[PDB]
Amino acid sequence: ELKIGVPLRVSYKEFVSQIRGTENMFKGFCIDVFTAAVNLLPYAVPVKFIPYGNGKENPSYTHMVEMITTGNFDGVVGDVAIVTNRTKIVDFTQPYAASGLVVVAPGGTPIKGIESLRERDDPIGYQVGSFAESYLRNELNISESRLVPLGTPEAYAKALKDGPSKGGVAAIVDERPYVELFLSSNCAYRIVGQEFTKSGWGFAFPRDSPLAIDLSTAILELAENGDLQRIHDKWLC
């Protein structure tokens, strides 16, 4: 069998979540896609899902991926952004889900885009364990004293209500899917500007995995037969 790493998410469980009272059993949008995908394969792929994470906070998805390279996982399935530093060390499938960083702020703030957020001094929220933190420090070079980790959508909504003047944030930077779910229950906020990364979600496998390529093709069949939008509709103003 394959030891497949699965992120142990504490928020936005609609994507990936451990079943309560199990350790190797998972449900969510990402699992269902992955299952469907393996079924279209011409051969059998036995998997054992292994949780990655302490169950208190969302794990570092980059460290989770690294476990493939240390030979601890034969692969990783979850809501994993295909980003450049990760692609350097493993082989992702093609994106089964489109994603990309956006700015979420209250309707009618002075913050209109990523650009206007950078030039200010005000604090920014990011999701705990997201590559977002790395991007904000290295590519956009925003000071670490401005970045505020946030574990849950409740945490999101609080830091936005509180605002900068009450140890909250002026805005949150996060991948659209999480943002879209958050806004379902919090219509008071909006995505200012456009998407400013095109990093999609994929399944991670060791460099030179025939699995990675064969599933990339599988994902396409699911998209053409409308099963991707079907599974989306089933899990996800």
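Residue indices: 1-based, along the sequence shown.
In the deposited sequence, the stretch from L236 to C237 hides 4 to 9 residues that have no coordinates.
When the C-alpha B-factors of 145-153 and 111-119 are averaged, 111-119 comes out higher. For the pair 190-198 and 43-51, the mean Cα B-factor is higher in 190-198.
Of the candidates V16, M25, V10, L228, it is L228 whose Cα B-factor is highest according to the PDB record.
The entry assigns its greatest Cα B factor, within the set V76, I89, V83, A132, to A132. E66: CA B factor in the lowest third of modelled residues in this chain (values from the PDB entry). In this PDB entry, the Cα temperature factor of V104 sits in the bottom third of its chain's modelled residues, the lowest group. Split the chain's modelled residues into thirds by C-alpha temperature factor. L140 is in the highest one. Annotation for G163: CA B-factor lies in the highest third of the chain's modelled residues.
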